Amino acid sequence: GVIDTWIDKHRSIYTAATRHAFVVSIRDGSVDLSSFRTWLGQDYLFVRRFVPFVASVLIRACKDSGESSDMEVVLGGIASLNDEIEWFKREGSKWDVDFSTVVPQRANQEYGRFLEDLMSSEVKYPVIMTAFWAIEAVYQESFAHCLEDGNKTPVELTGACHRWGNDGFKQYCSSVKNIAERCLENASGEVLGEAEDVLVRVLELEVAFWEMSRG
């Protein structure tokens, strides 16, 4: 399809963007949590900003309705975010990450302003859906096979893997893809170019975000 074609075209940045969110390794005989704790702090601040952006997609889905059922897909997405935020707070407490002292880094602030740019009614529905799909799908790709990979490493943390590695989140992403894909198959050349640039921009922001916590 249209999205699959863009991913192929842009395979290189898509691979770069979907590397593991954090690495847990042994250092000097201890488990090094520095990459995990950096990711947790930064990603929690990203998720708090992702919430109103999904809220804006939900509104658009209720008004810009070629399909009635788009709303329920986005609504399930935002309801998951509720459970996600609670999970993040539970992680912060068990791992001593104080979210009130996390400083959002450059890549995180850039990503947040970009989410703001996508919240305007001046942006076309197919473009907003592409961005929403992409942000979700990069987490699905990056956590794919996390259990089996994690089992092959000497120490693994299991929490994040349960969150984005499960079949429920995979199926969710597919259902969001099906919506984006439908919008793009009815889109003009101009909107199609806009959607592709937005896809590319999400991948670029994800590479930069990833670089904050790399091992």
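Throughout, we count residues from 1 along the sequence that is shown.
Peer 1: Of 32-40 and 55-63, which one has the bigger average CA B-factor?
Peer 2: Comparing 55-63 with 32-40, the higher mean C-alpha B-factor belongs to 55-63.
Peer 1: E72: which third of its chain by C-alpha temperature factor?
Peer 2: Middle third.
Peer 1: For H145, return the chain-relative third of its C-alpha B-factor as stated in the PDB record: lowest, middle or highest.
Peer 2: Highest third, going by the recorded CA B-factors of the chain.
Peer 1: Which third, lowest, middle or highest, does the CA B-factor of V200 fall in along this chain?
Peer 2: Bottom third by C-alpha B-factor.
Peer 1: Please place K152 in the lowest, middle or highest third of its chain according to the CA B-factor in the PDB entry.
Peer 2: Highest third.
Peer 1: Which third of the chain holds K94 when residues are ordered by C-alpha B factor: lowest, middle or highest?
Peer 2: Highest third of the chain for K94's C-alpha B-factor.
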